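Next up, input.cif (mmCIF, C-alpha atoms and all ligand atoms):
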data_input
#
loop_
_atom_site.group_PDB
_atom_site.id
_atom_site.type_symbol
_atom_site.label_atom_id
_atom_site.label_comp_id
_atom_site.auth_asym_id
_atom_site.auth_seq_id
_atom_site.Cartn_x
_atom_site.Cartn_y
_atom_site.Cartn_z
ATOM 1 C CA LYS A 1 92.046 171.216 112.075
ATOM 2 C CA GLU A 2 92.500 168.296 109.650
ATOM 3 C CA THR A 3 95.406 168.782 107.250
ATOM 4 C CA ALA A 4 94.520 169.142 103.553
ATOM 5 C CA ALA A 5 96.209 165.809 102.724
ATOM 6 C CA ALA A 6 94.297 164.009 105.427
ATOM 7 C CA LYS A 7 90.974 165.530 104.357
ATOM 8 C CA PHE A 8 91.559 164.289 100.801
ATOM 9 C CA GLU A 9 92.111 160.771 102.114
ATOM 10 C CA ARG A 10 89.073 160.843 104.233
ATOM 11 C CA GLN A 11 86.817 162.229 101.510
ATOM 12 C CA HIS A 12 88.178 160.381 98.536
ATOM 13 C CA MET A 13 89.956 157.152 99.279
ATOM 14 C CA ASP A 14 88.259 153.784 99.420
ATOM 15 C CA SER A 15 90.947 151.169 98.878
ATOM 16 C CA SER A 16 89.026 148.479 100.751
ATOM 17 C CA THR A 17 86.815 147.721 97.728
ATOM 18 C CA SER A 18 87.524 147.270 94.032
ATOM 19 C CA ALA A 19 84.338 149.068 93.101
ATOM 20 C CA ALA A 20 80.801 149.931 94.305
ATOM 21 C CA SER A 21 78.744 146.736 94.186
ATOM 22 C CA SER A 22 75.468 148.206 95.576
ATOM 23 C CA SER A 23 73.203 151.148 94.881
ATOM 24 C CA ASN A 24 73.493 151.891 98.518
ATOM 25 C CA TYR A 25 77.267 152.307 98.584
ATOM 26 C CA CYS A 26 77.134 156.089 98.506
ATOM 27 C CA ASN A 27 74.583 156.433 101.262
ATOM 28 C CA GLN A 28 76.740 154.289 103.477
ATOM 29 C CA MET A 29 80.112 155.783 102.656
ATOM 30 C CA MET A 30 78.984 159.378 102.752
ATOM 31 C CA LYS A 31 77.808 158.775 106.254
ATOM 32 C CA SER A 32 80.771 156.644 107.401
ATOM 33 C CA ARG A 33 83.257 159.301 106.242
ATOM 34 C CA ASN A 34 81.247 161.944 108.049
ATOM 35 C CA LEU A 35 80.331 163.771 104.955
ATOM 36 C CA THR A 36 76.727 164.167 106.007
ATOM 37 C CA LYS A 37 77.468 165.504 109.477
ATOM 38 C CA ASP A 38 76.431 169.077 109.269
ATOM 39 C CA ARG A 39 74.895 168.921 105.881
ATOM 40 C CA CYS A 40 74.637 166.711 102.840
ATOM 41 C CA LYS A 41 77.799 167.187 100.820
ATOM 42 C CA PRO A 42 76.296 167.488 97.292
ATOM 43 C CA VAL A 43 78.866 165.628 95.224
ATOM 44 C CA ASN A 44 81.802 163.424 96.140
ATOM 45 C CA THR A 45 83.963 160.897 94.400
ATOM 46 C CA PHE A 46 85.618 157.847 95.947
ATOM 47 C CA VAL A 47 88.682 156.218 94.299
ATOM 48 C CA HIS A 48 89.130 152.442 94.636
ATOM 49 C CA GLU A 49 92.896 152.209 94.165
ATOM 50 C CA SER A 50 95.727 152.048 96.626
ATOM 51 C CA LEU A 51 96.772 155.245 98.284
ATOM 52 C CA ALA A 52 100.236 154.886 96.764
ATOM 53 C CA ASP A 53 98.772 154.713 93.273
ATOM 54 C CA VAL A 54 96.718 157.794 93.833
ATOM 55 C CA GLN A 55 99.622 159.719 95.353
ATOM 56 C CA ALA A 56 101.736 158.769 92.334
ATOM 57 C CA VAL A 57 99.326 160.801 90.146
ATOM 58 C CA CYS A 58 101.101 163.888 91.433
ATOM 59 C CA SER A 59 104.098 162.887 89.210
ATOM 60 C CA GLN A 60 101.942 162.225 86.155
ATOM 61 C CA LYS A 61 100.487 164.529 83.489
ATOM 62 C CA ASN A 62 100.393 168.147 84.604
ATOM 63 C CA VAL A 63 97.191 169.873 83.549
ATOM 64 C CA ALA A 64 95.222 172.951 84.452
ATOM 65 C CA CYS A 65 92.661 172.734 87.229
ATOM 66 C CA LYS A 66 89.102 173.872 86.429
ATOM 67 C CA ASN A 67 89.855 176.944 88.508
ATOM 68 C CA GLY A 68 92.770 177.935 86.337
ATOM 69 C CA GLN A 69 95.348 176.758 88.831
ATOM 70 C CA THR A 70 98.224 174.771 87.364
ATOM 71 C CA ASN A 71 98.945 172.195 90.113
ATOM 72 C CA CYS A 72 96.552 169.568 88.741
ATOM 73 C CA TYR A 73 97.616 166.183 87.462
ATOM 74 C CA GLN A 74 95.766 163.708 85.352
ATOM 75 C CA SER A 75 96.374 159.982 85.862
ATOM 76 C CA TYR A 76 97.993 158.186 82.894
ATOM 77 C CA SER A 77 95.663 155.233 83.328
ATOM 78 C CA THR A 78 92.020 154.932 84.252
ATOM 79 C CA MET A 79 91.076 154.100 87.842
ATOM 80 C CA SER A 80 88.029 152.535 89.475
ATOM 81 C CA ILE A 81 85.888 155.314 90.909
ATOM 82 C CA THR A 82 82.445 155.905 92.361
ATOM 83 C CA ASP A 83 80.666 159.181 91.934
ATOM 84 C CA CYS A 84 78.230 160.031 94.762
ATOM 85 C CA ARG A 85 75.593 162.756 94.150
ATOM 86 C CA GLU A 86 72.517 163.810 96.049
ATOM 87 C CA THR A 87 69.261 162.954 94.354
ATOM 88 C CA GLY A 88 66.445 165.428 93.857
ATOM 89 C CA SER A 89 64.682 163.934 96.942
ATOM 90 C CA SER A 90 67.602 164.476 99.412
ATOM 91 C CA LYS A 91 67.112 166.635 102.519
ATOM 92 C CA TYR A 92 69.361 166.908 105.465
ATOM 93 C CA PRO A 93 69.517 165.191 107.596
ATOM 94 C CA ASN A 94 68.003 162.624 105.342
ATOM 95 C CA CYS A 95 70.720 162.611 102.798
ATOM 96 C CA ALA A 96 70.185 160.297 99.783
ATOM 97 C CA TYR A 97 72.716 159.671 97.081
ATOM 98 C CA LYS A 98 72.831 158.104 93.633
ATOM 99 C CA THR A 99 75.804 155.760 93.181
ATOM 100 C CA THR A 100 77.580 155.659 89.828
ATOM 101 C CA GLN A 101 80.551 153.329 89.349
ATOM 102 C CA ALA A 102 82.998 153.948 86.480
ATOM 103 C CA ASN A 103 86.583 153.543 85.266
ATOM 104 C CA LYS A 104 88.099 156.900 84.370
ATOM 105 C CA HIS A 105 91.208 159.003 84.586
ATOM 106 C CA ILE A 106 91.291 161.148 87.694
ATOM 107 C CA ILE A 107 92.514 164.736 87.926
ATOM 108 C CA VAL A 108 93.818 165.901 91.307
ATOM 109 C CA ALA A 109 95.464 169.058 92.691
ATOM 110 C CA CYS A 110 98.736 168.434 94.477
ATOM 111 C CA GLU A 111 100.637 170.373 97.031
ATOM 112 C CA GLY A 112 103.216 170.263 99.765
ATOM 113 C CA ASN A 113 106.123 168.330 100.849
ATOM 114 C CA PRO A 114 105.632 165.574 100.328
ATOM 115 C CA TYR A 115 103.653 166.614 97.288
ATOM 116 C CA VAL A 116 100.379 164.826 97.635
ATOM 117 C CA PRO A 117 96.815 165.131 96.545
ATOM 118 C CA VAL A 118 94.838 167.871 98.238
ATOM 119 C CA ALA A 119 91.788 168.063 96.066
ATOM 120 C CA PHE A 120 89.828 166.047 93.608
ATOM 121 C CA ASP A 121 89.227 168.156 90.454
ATOM 122 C CA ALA A 122 87.413 165.859 88.077
ATOM 123 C CA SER A 123 87.483 162.548 86.276
ATOM 124 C CA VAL A 124 87.641 161.901 82.532
HETATM 125 CL CL CL A 201 98.797 164.653 106.751
HETATM 126 CL CL CL A 202 86.002 162.681 110.558
HETATM 127 CL CL CL A 203 84.518 165.071 94.408
#
Would you write the structure of this file as structure tokens?
Amino acid sequence: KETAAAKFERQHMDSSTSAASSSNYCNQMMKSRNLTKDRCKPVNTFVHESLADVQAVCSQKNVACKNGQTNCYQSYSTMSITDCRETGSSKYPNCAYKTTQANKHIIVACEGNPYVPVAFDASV
């Protein structure tokens, strides 16, 4: 099985681009990261920052996770992100996503040793 840290990287990191420049970015990335393999993952966010900068969020502002857990951290600065969400007309295996680029603070859940991001909670 994939570790939790590795799964976060695979689902959320896209350091190769500064931001989504096409409306088709989500359709391509969701497929390339195998997020449409068995089904269409409904929502997913990609972060366009270095891995080191995202990992550093685990030493930033400690906040509560939506679930009530307290191992969430909010980035001090905003980051370039792309939200990917299935449109009303999406049906596996013909997954279709709307791409929305923005600059926001990210909130992630951290765990382990080393203490790294294991889940993407939200953006603000
Ligand atoms: Cl790992
Ligand atoms: Cl994979
Ligand atoms: Cl997400």
**Message:** Given the point (82.9, 165.6, 97.7) in the coordinates of this file, which residues lie within 10 Å, counting all atoms listed in the file, and how would they look as a PyMOL selection string?
**Reply:** chain A and resi 8+11-12+30+35+40-46+83-85+119-121
**Request:** For the file shown, report as a PyMOL selection string the outcome of the PyMOL selection byres (((chain A and resi 106) around 8) and not hetatm) at residue level.
**Result:** chain A and resi 74-75+78-79+104-105+107-108+120-124
Kindly export the residues of the current selection with C-alpha atoms, as a short mmCIF file (atom, residue, chain, number, x, y, z; two decimals), keeping the file's coordinate frame.
data_model
loop_
_atom_site.label_atom_id
_atom_site.label_comp_id
_atom_site.auth_asym_id
_atom_site.auth_seq_id
_atom_site.Cartn_x
_atom_site.Cartn_y
_atom_site.Cartn_z
CA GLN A 74 95.77 163.71 85.35
CA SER A 75 96.37 159.98 85.86
CA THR A 78 92.02 154.93 84.25
CA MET A 79 91.08 154.10 87.84
CA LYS A 104 88.10 156.90 84.37
CA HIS A 105 91.21 159.00 84.59
CA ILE A 107 92.51 164.74 87.93
CA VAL A 108 93.82 165.90 91.31
CA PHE A 120 89.83 166.05 93.61
CA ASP A 121 89.23 168.16 90.45
CA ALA A 122 87.41 165.86 88.08
CA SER A 123 87.48 162.55 86.28
CA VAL A 124 87.64 161.90 82.53
#
**Message:** Which residues are near ligand CL 201 (chain A) - at most 7 Å, using only C-alpha atoms and all ligand atoms? Format: as a list in words.
**Reply:**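 My answer, listing the contacting residues, is residues 3, 4, 5 and 6 of chain A.
With the cut-off set to 8 Å and all atoms listed in the file counted, the residues surrounding ligand CL 202 (chain A) are residues 10, 33 and 34 of chain A.
In this model, the gap between atom CA of residue 13 of chain A and atom CA of residue 59 of chain A comes to 18.3 Å.
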**Item:** Of the listed residues A:51, A:76, A:100, A:27, that which approaches residue 63 of chain A most closely, counting all atoms listed in the file
**Value:**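 Looking only at the distances to residue 63 of chain A, the closest residue turns out to be A:76.
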**Request:** Rank nothing, just name the residue among A:64, A:47, A:116, A:20 nearest to ligand CL 203 (chain A), using only C-alpha atoms and all ligand atoms.
**Result:**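 Selected residue with least distance to ligand CL 203 (chain A): A:47.
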**Request:** Check which residues satisfy the PyMOL selection byres (((chain A and resi 94) around 12) and not hetatm) in the file shown, then give them as a PyMOL selection string.
**Result:** chain A and resi 27+30-31+36-41+86-93+95-97
**Prompt:** Pick the closest to ligand CL 203 (chain A) from A:19, A:56, A:110, A:81: which is it, counting all atoms listed in the file?
**Reply:**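 Under the stated criterion, the closest residue is A:81.
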**Message:** With distances taken over all atoms listed in the file, which residue among A:15, A:21, A:57, A:7 lies nearest ligand CL 203 (chain A)?
**Reply:**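 Closest to ligand CL 203 (chain A) of all the choices is A:7.
With all atoms listed in the file as the basis for measurement, A:82 is the residue among A:50, A:82, A:18, A:69 that approaches ligand CL 203 (chain A) most closely.
Each of A:2, A:14, A:9, A:53 was compared to residue 26 of chain A using only C-alpha atoms, and A:14 turns out to be the nearest.
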